[PDB]
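See below for my_file-v1.cif, which holds mmCIF, C-alpha atoms and all ligand atoms; chains and numbers go by the auth columns.
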data_model
#
loop_
_atom_site.group_PDB
_atom_site.id
_atom_site.type_symbol
_atom_site.label_atom_id
_atom_site.label_comp_id
_atom_site.label_asym_id
_atom_site.label_seq_id
_atom_site.Cartn_x
_atom_site.Cartn_y
_atom_site.Cartn_z
_atom_site.B_iso_or_equiv
_atom_site.auth_seq_id
_atom_site.auth_asym_id
ATOM 1 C CA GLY A 1 -8.281 55.797 34.385 0.00 1 A
ATOM 2 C CA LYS A 2 -10.946 54.196 36.567 0.00 2 A
ATOM 3 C CA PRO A 3 -14.190 56.213 36.801 0.00 3 A
ATOM 4 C CA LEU A 4 -14.276 57.730 40.286 0.00 4 A
ATOM 5 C CA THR A 5 -17.468 56.243 41.692 0.00 5 A
ATOM 6 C CA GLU A 6 -19.902 58.679 43.299 0.00 6 A
ATOM 7 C CA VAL A 7 -18.303 57.714 46.606 0.00 7 A
ATOM 8 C CA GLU A 8 -14.766 58.196 45.305 0.00 8 A
ATOM 9 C CA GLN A 9 -15.812 61.547 43.884 0.00 9 A
ATOM 10 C CA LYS A 10 -17.358 62.858 47.090 0.00 10 A
ATOM 11 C CA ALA A 11 -14.557 61.254 49.075 0.00 11 A
ATOM 12 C CA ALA A 12 -12.033 63.149 46.953 0.00 12 A
ATOM 13 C CA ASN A 13 -13.871 66.222 48.258 0.00 13 A
ATOM 14 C CA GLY A 14 -13.683 65.404 51.965 0.00 14 A
ATOM 15 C CA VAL A 15 -17.164 63.913 52.198 0.00 15 A
ATOM 16 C CA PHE A 16 -17.490 60.266 53.191 0.00 16 A
ATOM 17 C CA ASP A 17 -18.748 57.772 55.747 0.00 17 A
ATOM 18 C CA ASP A 18 -16.077 56.114 57.894 0.00 18 A
ATOM 19 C CA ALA A 19 -17.542 52.780 56.853 0.00 19 A
ATOM 20 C CA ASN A 20 -16.325 53.391 53.291 0.00 20 A
ATOM 21 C CA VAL A 21 -12.668 53.847 54.249 0.00 21 A
ATOM 22 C CA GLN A 22 -10.451 50.865 53.473 0.00 22 A
ATOM 23 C CA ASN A 23 -6.842 49.846 53.950 0.00 23 A
ATOM 24 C CA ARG A 24 -4.442 50.510 51.081 0.00 24 A
ATOM 25 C CA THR A 25 -1.115 48.859 50.258 0.00 25 A
ATOM 26 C CA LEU A 26 2.097 50.823 49.740 0.00 26 A
ATOM 27 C CA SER A 27 2.055 49.824 46.065 0.00 27 A
ATOM 28 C CA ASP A 28 -0.783 52.345 45.590 0.00 28 A
ATOM 29 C CA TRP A 29 2.045 54.898 45.510 0.00 29 A
ATOM 30 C CA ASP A 30 4.605 52.864 43.503 0.00 30 A
ATOM 31 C CA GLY A 31 6.619 54.815 40.965 0.00 31 A
ATOM 32 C CA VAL A 32 9.121 57.650 40.824 0.00 32 A
ATOM 33 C CA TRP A 33 7.875 61.047 41.996 0.00 33 A
ATOM 34 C CA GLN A 34 8.945 64.681 41.755 0.00 34 A
ATOM 35 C CA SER A 35 8.398 67.268 44.480 0.00 35 A
ATOM 36 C CA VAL A 36 6.419 70.182 43.082 0.00 36 A
ATOM 37 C CA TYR A 37 8.302 72.645 45.286 0.00 37 A
ATOM 38 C CA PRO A 38 11.045 73.391 42.720 0.00 38 A
ATOM 39 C CA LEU A 39 8.293 74.147 40.186 0.00 39 A
ATOM 40 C CA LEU A 40 6.837 76.794 42.487 0.00 40 A
ATOM 41 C CA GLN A 41 10.306 78.181 43.191 0.00 41 A
ATOM 42 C CA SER A 42 10.802 78.723 39.465 0.00 42 A
ATOM 43 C CA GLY A 43 7.362 80.241 38.842 0.00 43 A
ATOM 44 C CA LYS A 44 6.157 77.222 36.855 0.00 44 A
ATOM 45 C CA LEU A 45 3.071 77.035 39.082 0.00 45 A
ATOM 46 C CA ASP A 46 2.074 80.702 38.944 0.00 46 A
ATOM 47 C CA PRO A 47 -0.821 80.081 36.515 0.00 47 A
ATOM 48 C CA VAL A 48 -2.435 77.763 39.070 0.00 48 A
ATOM 49 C CA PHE A 49 -2.161 80.463 41.733 0.00 49 A
ATOM 50 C CA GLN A 50 -3.496 83.093 39.338 0.00 50 A
ATOM 51 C CA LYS A 51 -6.610 80.988 38.713 0.00 51 A
ATOM 52 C CA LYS A 52 -7.145 80.275 42.420 0.00 52 A
ATOM 53 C CA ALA A 53 -6.776 83.987 43.082 0.00 53 A
ATOM 54 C CA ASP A 54 -9.242 85.159 40.432 0.00 54 A
ATOM 55 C CA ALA A 55 -11.883 83.047 42.126 0.00 55 A
ATOM 56 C CA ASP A 56 -10.990 83.515 45.774 0.00 56 A
ATOM 57 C CA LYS A 57 -12.105 86.832 47.219 0.00 57 A
ATOM 58 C CA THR A 58 -9.988 88.237 50.076 0.00 58 A
ATOM 59 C CA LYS A 59 -7.038 86.320 48.625 0.00 59 A
ATOM 60 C CA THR A 60 -4.405 87.844 46.360 0.00 60 A
ATOM 61 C CA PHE A 61 -2.001 86.031 44.029 0.00 61 A
ATOM 62 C CA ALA A 62 0.872 86.642 46.459 0.00 62 A
ATOM 63 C CA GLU A 63 -1.157 85.526 49.488 0.00 63 A
ATOM 64 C CA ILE A 64 -2.076 82.293 47.725 0.00 64 A
ATOM 65 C CA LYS A 65 1.459 81.679 46.478 0.00 65 A
ATOM 66 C CA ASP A 66 2.755 82.276 50.013 0.00 66 A
ATOM 67 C CA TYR A 67 0.281 79.699 51.288 0.00 67 A
ATOM 68 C CA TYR A 68 1.620 77.031 48.925 0.00 68 A
ATOM 69 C CA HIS A 69 5.214 78.105 49.366 0.00 69 A
ATOM 70 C CA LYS A 70 4.885 77.025 53.008 0.00 70 A
ATOM 71 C CA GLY A 71 2.775 73.989 52.165 0.00 71 A
ATOM 72 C CA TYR A 72 5.085 72.508 49.514 0.00 72 A
ATOM 73 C CA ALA A 73 8.437 73.437 51.109 0.00 73 A
ATOM 74 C CA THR A 74 10.735 70.398 51.395 0.00 74 A
ATOM 75 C CA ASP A 75 14.315 69.335 50.666 0.00 75 A
ATOM 76 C CA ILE A 76 13.222 65.884 49.462 0.00 76 A
ATOM 77 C CA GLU A 77 13.164 66.616 45.729 0.00 77 A
ATOM 78 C CA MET A 78 12.319 63.104 44.619 0.00 78 A
ATOM 79 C CA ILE A 79 10.727 59.943 46.051 0.00 79 A
ATOM 80 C CA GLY A 80 10.954 56.393 44.724 0.00 80 A
ATOM 81 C CA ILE A 81 8.499 53.675 45.764 0.00 81 A
ATOM 82 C CA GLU A 82 8.884 50.039 44.680 0.00 82 A
ATOM 83 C CA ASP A 83 8.560 46.540 46.164 0.00 83 A
ATOM 84 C CA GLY A 84 7.787 47.848 49.631 0.00 84 A
ATOM 85 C CA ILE A 85 10.683 50.278 49.835 0.00 85 A
ATOM 86 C CA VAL A 86 10.391 54.055 49.942 0.00 86 A
ATOM 87 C CA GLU A 87 13.500 55.958 48.898 0.00 87 A
ATOM 88 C CA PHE A 88 14.072 59.660 49.683 0.00 88 A
ATOM 89 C CA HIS A 89 16.375 61.850 47.594 0.00 89 A
ATOM 90 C CA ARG A 90 17.600 64.842 49.607 0.00 90 A
ATOM 91 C CA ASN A 91 20.974 66.407 48.723 0.00 91 A
ATOM 92 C CA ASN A 92 22.581 64.175 46.091 0.00 92 A
ATOM 93 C CA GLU A 93 22.233 61.549 48.820 0.00 93 A
ATOM 94 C CA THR A 94 19.473 59.014 49.434 0.00 94 A
ATOM 95 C CA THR A 95 17.899 57.190 52.359 0.00 95 A
ATOM 96 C CA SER A 96 15.296 54.416 52.350 0.00 96 A
ATOM 97 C CA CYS A 97 13.475 51.736 54.313 0.00 97 A
ATOM 98 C CA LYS A 98 11.105 48.804 53.785 0.00 98 A
ATOM 99 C CA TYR A 99 8.109 50.379 55.547 0.00 99 A
ATOM 100 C CA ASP A 100 5.543 48.595 57.705 0.00 100 A
ATOM 101 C CA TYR A 101 1.871 49.532 57.316 0.00 101 A
ATOM 102 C CA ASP A 102 0.230 50.780 60.504 0.00 102 A
ATOM 103 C CA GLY A 103 -3.353 51.371 59.408 0.00 103 A
ATOM 104 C CA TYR A 104 -5.024 54.688 58.675 0.00 104 A
ATOM 105 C CA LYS A 105 -6.345 57.728 60.493 0.00 105 A
ATOM 106 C CA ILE A 106 -9.554 59.536 59.623 0.00 106 A
ATOM 107 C CA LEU A 107 -9.174 63.253 60.286 0.00 107 A
ATOM 108 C CA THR A 108 -11.917 65.839 60.602 0.00 108 A
ATOM 109 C CA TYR A 109 -10.566 69.227 59.598 0.00 109 A
ATOM 110 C CA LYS A 110 -11.993 72.366 61.229 0.00 110 A
ATOM 111 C CA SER A 111 -13.443 73.309 57.851 0.00 111 A
ATOM 112 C CA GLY A 112 -15.818 70.403 58.382 0.00 112 A
ATOM 113 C CA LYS A 113 -14.245 68.297 55.634 0.00 113 A
ATOM 114 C CA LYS A 114 -12.659 64.901 56.300 0.00 114 A
ATOM 115 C CA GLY A 115 -9.478 63.207 55.150 0.00 115 A
ATOM 116 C CA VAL A 116 -7.658 59.911 55.525 0.00 116 A
ATOM 117 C CA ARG A 117 -3.964 59.466 56.205 0.00 117 A
ATOM 118 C CA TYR A 118 -2.233 56.141 55.574 0.00 118 A
ATOM 119 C CA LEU A 119 0.483 55.440 58.120 0.00 119 A
ATOM 120 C CA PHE A 120 3.716 53.513 57.652 0.00 120 A
ATOM 121 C CA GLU A 121 6.637 53.058 60.033 0.00 121 A
ATOM 122 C CA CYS A 122 10.280 52.150 59.488 0.00 122 A
ATOM 123 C CA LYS A 123 11.464 49.342 61.764 0.00 123 A
ATOM 124 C CA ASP A 124 15.021 49.004 60.447 0.00 124 A
ATOM 125 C CA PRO A 125 17.768 50.172 62.846 0.00 125 A
ATOM 126 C CA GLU A 126 20.237 50.228 59.948 0.00 126 A
ATOM 127 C CA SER A 127 18.214 52.758 57.939 0.00 127 A
ATOM 128 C CA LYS A 128 18.391 56.525 58.307 0.00 128 A
ATOM 129 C CA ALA A 129 15.037 57.208 56.618 0.00 129 A
ATOM 130 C CA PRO A 130 12.172 58.995 58.491 0.00 130 A
ATOM 131 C CA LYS A 131 10.747 56.792 61.250 0.00 131 A
ATOM 132 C CA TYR A 132 7.145 57.715 60.441 0.00 132 A
ATOM 133 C CA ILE A 133 5.551 58.653 57.122 0.00 133 A
ATOM 134 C CA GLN A 134 1.890 59.236 56.239 0.00 134 A
ATOM 135 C CA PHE A 135 0.313 59.454 52.794 0.00 135 A
ATOM 136 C CA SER A 136 -2.706 61.617 52.055 0.00 136 A
ATOM 137 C CA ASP A 137 -4.094 61.986 48.549 0.00 137 A
ATOM 138 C CA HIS A 138 -7.889 62.283 48.731 0.00 138 A
ATOM 139 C CA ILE A 139 -8.280 58.521 48.183 0.00 139 A
ATOM 140 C CA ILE A 140 -9.914 56.340 50.849 0.00 140 A
ATOM 141 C CA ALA A 141 -9.924 52.946 49.138 0.00 141 A
ATOM 142 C CA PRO A 142 -7.508 50.815 47.047 0.00 142 A
ATOM 143 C CA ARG A 143 -6.530 52.813 43.964 0.00 143 A
ATOM 144 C CA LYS A 144 -3.242 53.935 42.397 0.00 144 A
ATOM 145 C CA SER A 145 -2.464 57.519 43.426 0.00 145 A
ATOM 146 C CA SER A 146 -1.932 60.237 40.785 0.00 146 A
ATOM 147 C CA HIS A 147 -0.046 62.483 43.219 0.00 147 A
ATOM 148 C CA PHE A 148 0.143 62.769 46.993 0.00 148 A
ATOM 149 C CA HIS A 149 1.111 64.712 50.081 0.00 149 A
ATOM 150 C CA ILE A 150 3.482 62.991 52.456 0.00 150 A
ATOM 151 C CA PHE A 151 4.170 63.769 56.102 0.00 151 A
ATOM 152 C CA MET A 152 7.493 62.537 57.520 0.00 152 A
ATOM 153 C CA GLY A 153 8.846 62.590 61.054 0.00 153 A
ATOM 154 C CA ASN A 154 10.944 60.950 63.753 0.00 154 A
ATOM 155 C CA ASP A 155 8.897 61.916 66.826 0.00 155 A
ATOM 156 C CA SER A 156 5.616 60.018 66.464 0.00 156 A
ATOM 157 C CA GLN A 157 2.614 59.326 64.240 0.00 157 A
ATOM 158 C CA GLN A 158 0.375 61.556 66.395 0.00 158 A
ATOM 159 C CA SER A 159 2.952 64.284 65.862 0.00 159 A
ATOM 160 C CA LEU A 160 2.506 64.059 62.086 0.00 160 A
ATOM 161 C CA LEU A 161 -1.249 64.111 62.568 0.00 161 A
ATOM 162 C CA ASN A 162 -1.084 67.624 64.052 0.00 162 A
ATOM 163 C CA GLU A 163 0.840 69.121 61.113 0.00 163 A
ATOM 164 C CA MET A 164 -1.554 71.093 58.906 0.00 164 A
ATOM 165 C CA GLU A 165 0.682 73.792 57.401 0.00 165 A
ATOM 166 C CA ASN A 166 3.427 71.851 55.580 0.00 166 A
ATOM 167 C CA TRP A 167 2.543 68.996 53.222 0.00 167 A
ATOM 168 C CA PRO A 168 5.261 68.016 50.704 0.00 168 A
ATOM 169 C CA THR A 169 3.454 67.139 47.463 0.00 169 A
ATOM 170 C CA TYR A 170 4.560 64.791 44.689 0.00 170 A
ATOM 171 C CA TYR A 171 3.614 64.089 41.054 0.00 171 A
ATOM 172 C CA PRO A 172 4.886 61.425 38.622 0.00 172 A
ATOM 173 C CA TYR A 173 8.452 62.201 37.584 0.00 173 A
ATOM 174 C CA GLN A 174 7.796 61.961 33.835 0.00 174 A
ATOM 175 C CA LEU A 175 5.238 64.771 33.769 0.00 175 A
ATOM 176 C CA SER A 176 6.322 68.145 32.426 0.00 176 A
ATOM 177 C CA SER A 177 5.601 71.317 34.407 0.00 177 A
ATOM 178 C CA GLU A 178 2.838 72.185 31.950 0.00 178 A
ATOM 179 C CA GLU A 179 1.179 68.812 32.496 0.00 179 A
ATOM 180 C CA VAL A 180 1.561 69.104 36.266 0.00 180 A
ATOM 181 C CA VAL A 181 -0.076 72.551 36.050 0.00 181 A
ATOM 182 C CA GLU A 182 -3.003 71.361 33.941 0.00 182 A
ATOM 183 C CA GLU A 183 -3.667 68.557 36.417 0.00 183 A
ATOM 184 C CA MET A 184 -3.766 71.010 39.316 0.00 184 A
ATOM 185 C CA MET A 185 -6.159 73.117 37.253 0.00 185 A
ATOM 186 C CA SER A 186 -8.813 70.456 37.858 0.00 186 A
ATOM 187 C CA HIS A 187 -9.966 67.943 40.474 0.00 187 A
HETATM 188 ZN ZN ZN B . -15.593 56.420 62.644 0.00 201 I
HETATM 189 ZN ZN ZN B . 18.683 61.195 43.818 0.00 202 I
HETATM 190 ZN ZN ZN B . -4.539 67.995 48.826 0.00 203 I
HETATM 191 ZN ZN ZN B . -5.454 65.238 40.695 0.00 204 I
#

Would you write out, as structure tokens, the structure that this file holds?
Amino acid sequence: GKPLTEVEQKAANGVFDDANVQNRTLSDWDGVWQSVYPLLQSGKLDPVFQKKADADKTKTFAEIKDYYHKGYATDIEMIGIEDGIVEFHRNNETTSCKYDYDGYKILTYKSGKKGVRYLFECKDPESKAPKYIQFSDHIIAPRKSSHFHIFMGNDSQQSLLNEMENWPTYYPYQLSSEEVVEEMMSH
């Protein structure tokens, strides 16, 4: 929808000044989302890997697909976000919490690029949802997400900050596999 400003555009590419990063509310991720892992498991995402492989030298289709197989792997098939609550659908069962915002963390990847993770924490003893979750979606300022990676854990926020190999990814539930694929065939 909104035209990604020059900043938003470069930011979406890991290039930005820390002074341009701003807090974001949980509502930026409101909606019902589908994990893309089952799509990969059923070959629905092969075209995307084929394209990334016919452009990446030293990388074969299988090598690329193996990279994303590890990256997308998760048992949380669906996520629901609404009115401050995040709900996780695992095995026909669900868990949720009314998450508290804990600021963000600007990361500097070894590739030189930068990224921002938005941290939330569950402070409800009753709940059985992950204690710490972090959103990352190439957005550094208020703006509704179109899809996102989410890191979840029960050890600590720092702990989630070190994870760089597994990043469960989610797209709007209503999108078909074809639509999800076309979207990935861009950015
Ligand atoms: Zn700084
Ligand atoms: Zn469910
Ligand atoms: Zn990403
Ligand atoms: Zn996108």

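Interatomic distance, atom CA of residue 165 of chain A to atom CA of residue 136 of chain A: 13.7 Å.
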
Written as a PyMOL selection string, what is the full residue list that the PyMOL selection byres (((chain A and resi 61-77) around 7) and not hetatm) yields on the file shown?
chain A and resi 34-37+49-50+53+59-60+78+88-90+165-169

What does the distance between atom CA of residue 103 of chain A and atom CA of residue 180 of chain A come to in Å, to one decimal place?
29.6 Å

If you count all atoms listed in the file, which residues end up within 8 Å of ligand ZN 203 (chain I), as a PyMOL selection string?
chain A and resi 136-138+148-149

Spatial neighbours of residue 129 of chain A, 12 Å, all atoms listed in the file, chain gap at least 5 places, as an mmCIF file with C-alpha atoms, in the coordinates of the input:
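selection10.cif was written with the following content:
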data_model
loop_
_atom_site.group_PDB
_atom_site.id
_atom_site.type_symbol
_atom_site.label_atom_id
_atom_site.label_comp_id
_atom_site.auth_asym_id
_atom_site.auth_seq_id
_atom_site.Cartn_x
_atom_site.Cartn_y
_atom_site.Cartn_z
ATOM 1 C CA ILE A 76 13.222 65.884 49.462
ATOM 2 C CA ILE A 79 10.727 59.943 46.051
ATOM 3 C CA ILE A 85 10.683 50.278 49.835
ATOM 4 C CA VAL A 86 10.391 54.055 49.942
ATOM 5 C CA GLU A 87 13.500 55.958 48.898
ATOM 6 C CA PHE A 88 14.072 59.660 49.683
ATOM 7 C CA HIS A 89 16.375 61.850 47.594
ATOM 8 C CA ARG A 90 17.600 64.842 49.607
ATOM 9 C CA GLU A 93 22.233 61.549 48.820
ATOM 10 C CA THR A 94 19.473 59.014 49.434
ATOM 11 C CA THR A 95 17.899 57.190 52.359
ATOM 12 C CA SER A 96 15.296 54.416 52.350
ATOM 13 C CA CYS A 97 13.475 51.736 54.313
ATOM 14 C CA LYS A 98 11.105 48.804 53.785
ATOM 15 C CA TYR A 99 8.109 50.379 55.547
ATOM 16 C CA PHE A 120 3.716 53.513 57.652
ATOM 17 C CA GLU A 121 6.637 53.058 60.033
ATOM 18 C CA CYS A 122 10.280 52.150 59.488
ATOM 19 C CA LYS A 123 11.464 49.342 61.764
ATOM 20 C CA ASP A 124 15.021 49.004 60.447
ATOM 21 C CA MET A 152 7.493 62.537 57.520
ATOM 22 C CA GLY A 153 8.846 62.590 61.054
ATOM 23 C CA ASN A 154 10.944 60.950 63.753
#

Near segment 16-27 of chain A, 10 Å: segment 34-117 of chain A residue rows, closest pairs, all atoms listed in the file, as CSV:
residue,atom,partner,partner_atom,distance
A:81,CA,A:27,CA,7.5
A:82,CA,A:27,CA,7.0
A:83,CA,A:27,CA,7.3
A:84,CA,A:26,CA,6.4
A:85,CA,A:26,CA,8.6
A:86,CA,A:26,CA,8.9
A:99,CA,A:26,CA,8.4
A:100,CA,A:26,CA,9.0
A:101,CA,A:26,CA,7.7
A:102,CA,A:23,CA,9.7
A:103,CA,A:23,CA,6.7
A:104,CA,A:23,CA,7.0
A:105,CA,A:21,CA,9.7
A:106,CA,A:18,CA,7.6
A:113,CA,A:16,CA,9.0
A:114,CA,A:16,CA,7.4
A:115,CA,A:16,CA,8.8
A:116,CA,A:21,CA,8.0

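Compared by their closest atoms to residue 40 of chain A, and using all atoms listed in the file, the residues A:177, A:127, A:9, A:111 rank with A:177 nearest.
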
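Across the chains present, the PyMOL selection byres (((chain A and resi 3-6) around 12) and not hetatm) applied to this file returns residues 1, 2, 7, 8, 9, 10, 11, 12, 13, 15, 16, 20, 138, 139, 140, 141, 142, 143, 144 and 187 of chain A.
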
Residue members of the PyMOL selection byres (((not hetatm)) within 7 of (chain I and resi 204)) in the file shown, as JSON, numbers by chain
{"A": [146, 147, 183, 184, 186, 187]}

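Interatomic distance, atom CA of residue 175 of chain A to atom CA of residue 160 of chain A: 28.5 Å.
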
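Candidate residues A:42, A:108, A:145, A:92 were compared for distance to ligand ZN 201 (chain I), and the nearest is A:108, using all atoms listed in the file.
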
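Distances from A:91, A:56, A:170, A:30 to ligand ZN 202 (chain I) were compared using only C-alpha atoms and all ligand atoms, and the smallest one belongs to A:91.
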
To box segment 83-95 of chain A, take all atoms listed in the file, fit an axis-aligned box, add 5 Å on each side, and give centre and edge lengths in Å to one decimal, as lines of an AutoDock Vina configuration file.
center_x = 15.2
center_y = 56.5
center_z = 49.2
size_x = 24.8
size_y = 29.9
size_z = 16.3

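Minimum atom-to-atom distances from A:45, A:161, A:55, A:32 to residue 133 of chain A were compared using all atoms listed in the file, and the lowest value belongs to A:161.
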
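In this comparison, which uses all atoms listed in the file, the residue of A:150, A:58, A:43, A:80 approaching ligand ZN 202 (chain I) most closely is A:80.
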
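For the set A:173, A:185, A:159, A:110, the residue with the smallest atom-to-atom gap to residue 134 of chain A is A:159, counting all atoms listed in the file.
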